[PDB]
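S.K.: I'd like to ask you about the structure that follows.
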Number of protein chains: 2
Amino acid sequence: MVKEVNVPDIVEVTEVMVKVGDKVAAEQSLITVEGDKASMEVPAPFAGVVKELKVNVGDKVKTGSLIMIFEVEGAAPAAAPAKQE
Amino acid sequence: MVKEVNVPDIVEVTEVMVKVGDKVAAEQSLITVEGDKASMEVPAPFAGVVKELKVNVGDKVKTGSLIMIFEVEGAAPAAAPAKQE
């Protein structure tokens, strides 16, 4: 503003910034319960037999979808046969 | 219409309030024991990723045992020291 002076050594600008403090995880869900660590094993609801698989190993799962289907018919099959051709 | 002589139209109004009579309709009760319930599909408890399978197709399941394990990670990576010593 006052008294002539040389130009600044730098003046260029950038919009890259860091990518570690970035945040995108939000909404697209809403309504939660409490919380949980991470990995958690799950048990079967009822005894059954794997007749047809729906999901293959390596395929992530989602809440609300299916995984497998069982067919319970009275007493479970058990007499003697176990290994044969 | 105020005479002692009148003919009905649909209801003469007499101890009526719930109207029972005869009505079968589709059954909604289980009736003592169970009726029909064999094959039943099952959904996933929570969203995750198939990291390691426990049961293979063709292997019957049982109540109390496990089936699969998921690893849900919603927290971003921060520092996380390494192990060498």
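All residue names refer to the structure tokens as shown: chains lettered A, B, ... in order, residues numbered from 1 in each chain, ligands numbered from 1 in order.
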Please identify all residues of chain A having at least one atom at most 12 Å from any atom of chain B, considering only C-alpha atoms, and return them as a ChimeraX atom specification.
M.R.: /A:19-26,29,32-33,35-78,82
S.K.: Cα-based RMSD, chain A fitted onto chain B, all atoms paired in sequence order: value?
M.R.: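 Once chain A is overlaid on chain B, the RMSD is 14.2 Å.
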S.K.: To test your reading of the structure, identify every residue in chain A that backbone DSSP assigns to strand (DSSP E or B), and report it as a VMD selection string.
M.R.: chain A and resid 39 to 43 48 52 to 53 61 66 to 71
S.K.: Can you spit out the residues from that selection as a short mmCIF file (atom, residue, chain, number, x, y, z; two decimals), in the first residue's frame, using C-alpha atoms?
M.R.:
```
data_model
loop_
_atom_site.label_atom_id
_atom_site.label_comp_id
_atom_site.auth_asym_id
_atom_site.auth_seq_id
_atom_site.Cartn_x
_atom_site.Cartn_y
_atom_site.Cartn_z
CA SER A 39 -15.11 -58.62 13.82
CA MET A 40 -17.87 -60.70 15.42
CA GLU A 41 -18.74 -64.37 14.95
CA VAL A 42 -22.37 -65.36 14.36
CA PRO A 43 -24.31 -68.55 15.24
CA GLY A 48 -30.92 -77.52 9.44
CA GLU A 52 -28.53 -74.56 -1.59
CA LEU A 53 -25.98 -71.79 -1.01
CA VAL A 61 -22.79 -59.26 3.26
CA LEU A 66 -30.17 -63.39 2.91
CA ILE A 67 -27.24 -65.79 3.30
CA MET A 68 -28.44 -69.41 3.36
CA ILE A 69 -31.58 -71.55 3.45
CA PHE A 70 -32.28 -74.62 5.57
CA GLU A 71 -34.91 -77.35 5.31
#
```
S.K.: Interatomic distance between atom CA of residue 1 of chain B and atom CA of residue 15 of chain B?
M.R.: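 Result for atom CA of residue 1 of chain B versus atom CA of residue 15 of chain B: 21.9 Å, one decimal.
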